Each structure stands twice: as C-alpha cells, then as structure tokens.
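Included below are structure tokens for two forms of one protein chain, each presented in isolation as structure 1 and structure 2.
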Structure 1
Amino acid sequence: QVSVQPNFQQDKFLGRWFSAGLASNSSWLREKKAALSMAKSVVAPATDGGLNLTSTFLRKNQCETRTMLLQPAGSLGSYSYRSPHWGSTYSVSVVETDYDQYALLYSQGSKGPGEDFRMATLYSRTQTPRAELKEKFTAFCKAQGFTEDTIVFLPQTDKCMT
C-alpha cells in the first residue's frame, strides 16, 4: 500500500532533522493540543540493526528527550517500531526524501491497541522549510485521507534545540 523512496540510501539520511509538520486523527489532536512544538530529531545507525531516532523538545515546561528504534521491515526505507510502553507495533516508512532538505514519513499501527493509529510527519533539514515543501506535505496528507483541520505545521523555535 505505502510507497517507499526508490533506491533509499540510509547512508544519506543520518544526522540532524527538525519536525516541521504532522497530520493525524481528530481525537489524538483534541487533547494533544495545545500544544505540539517542533522537535530536533537525530538519526543514527543502531548496532541492533536499523536506525535510532532521538528527539528533543519542550513539553510541560522542560526539555524532554526520547529515543525510537526503527528496524528494517522488508524493503529499503520500510521500518517497524515496537512501543516499549504497551507493546504495539507500527510500520514506519520513508515515503519521499531528497536527503539534504526534506523527508515525508508515514506511520501506521500494525498490531496492538495502537492498530488504527495513522500519522504523517514532515521532517526538514532547516527549521523553516520553503512554501513548496509545505505543499508536498499537504499533498501527501490529503492524498492519504487527512482533512485540512488535522494538518498542522510547527513554527520555528529555539527552545530545546541546543
């Protein structure tokens, strides 16, 4: 169902990214806003196989850091994530990227109570992606069935980014 970036090259996907947009279900957004803020996300190879995604961001008056392990799931650019909290698994795909400016990711619940969860994410090498990039994101989000009220862009911030 979900496309992956053709000939995905993980060697070129590493290092610092910023979360610049998201889209998800109505309910999740109902009490997870206010207020979502921009995250700094660092991508590095995992010795257990796959990639570690380490995110830092402002939440409840403090900078918080979290690490997500993404393991290969069958095709280059297609990964799986197991939540350590209650154990749900999620498909996480790098749908489209140019490596040096943007990446569009798509996450879907696979098994567990998180099964029906669907979320798209815009990652950007800069904190302020061009209008054209924000349009690639809106386009993918709408094509996947997200309504405009569920598509949220996250503004530039300095807090927790250093």
Structure 2
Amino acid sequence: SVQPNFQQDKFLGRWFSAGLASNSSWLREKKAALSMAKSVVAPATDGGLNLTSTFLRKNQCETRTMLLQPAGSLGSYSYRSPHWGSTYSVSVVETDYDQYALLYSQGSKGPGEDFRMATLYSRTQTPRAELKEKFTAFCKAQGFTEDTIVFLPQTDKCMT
C-alpha cells in the first residue's frame, strides 16, 4: 500500500536510483548497462510529479522525464506510456523522505499489464546498508526472487 499520511512536498528534490527489482529480465539488463546519475522529483502542473532521470547510455548522457499523474491515495500515481501502449500504477509505498523511498510499479492496462518493478531511491548516491536492506526486504515480501533484485551502477558523469 501507499506510505501512510504521504506528504508529496517532502518527496520532492534530488534522489539517486540505487536499486531495482523487476519481473522483466529485459528491463533489468537494459537498466544495468546504463550508469545512473541524479533523478529529480519536481511538481507537475497536473498536481502530480515529474520524475526526471539523468543516466549514461553507451558513454553518452541522456535525460528522460516521466509524468506521474495523481491516481489514488496520496502517493499513488499513474504513468501512461504511448511507446509501450500501456499504463502503469506507480506508488511510493514506503519512505522516510530524508533518506529513502521505495516505489512500486505495476502495469494496469495494455501489454505492460504484467510488468512489476520495485525501485529504491536514496538521498545519497551510495545508500547506507540499512536502506539496501529495507529495499531487499520489501522485494522479497512482494515476490521478487533474489536474482531479480539488482543494485544499479552509478556515475557522476552527466552532472553538473
């Protein structure tokens, strides 16, 4: 479920995408060949969030923004992907705002319906070991097997 009493304004700002788990081998593999720089969460004009990730793909920097539209309880969003012809729920299921957040995404419509992913965001680029465990704990509870849980390579290229 969503983080109780979720406060969007405290989730804003700079995060690092430190880990992910997913039932898509392809997505995990594609992501692990990228080197992650910052993600930034900024308010969207629709009352939701823009989630922008900066990353290195074949030694070249790229940025991608996902619009997370408000969907259910505070902390629950939906992301519509024209490229995948699918929509996906995205929820901040646990966070303490000042060190970590766990996001859980599931396909809700379209061929992406079966996709599931958990992401660990950390306010620091190397998460303390406590936070890795909070992530791997959650992934296990949600039925991700140990080889689908991966920690993502990081870089300081692509920023400033």
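For residue numbers, the reference is structure 1: its sequence is counted from 1. If you superpose the two forms and keep the largest set of C-alpha atoms that fall within 1.5 Å, you have the rigid core.
Superposing the two forms on their core leaves just one of 66, 111, 59, 32 with a Cα displacement of at least 2 Å between the two structures, namely 32. Overlaying the rigid core between the two structures leaves the Cα of residue 155 displaced by 3.9 angstrom.
In the core-aligned comparison between the two structures, the Cα atom of residue 127 sits 0.6 Å away from its counterpart.
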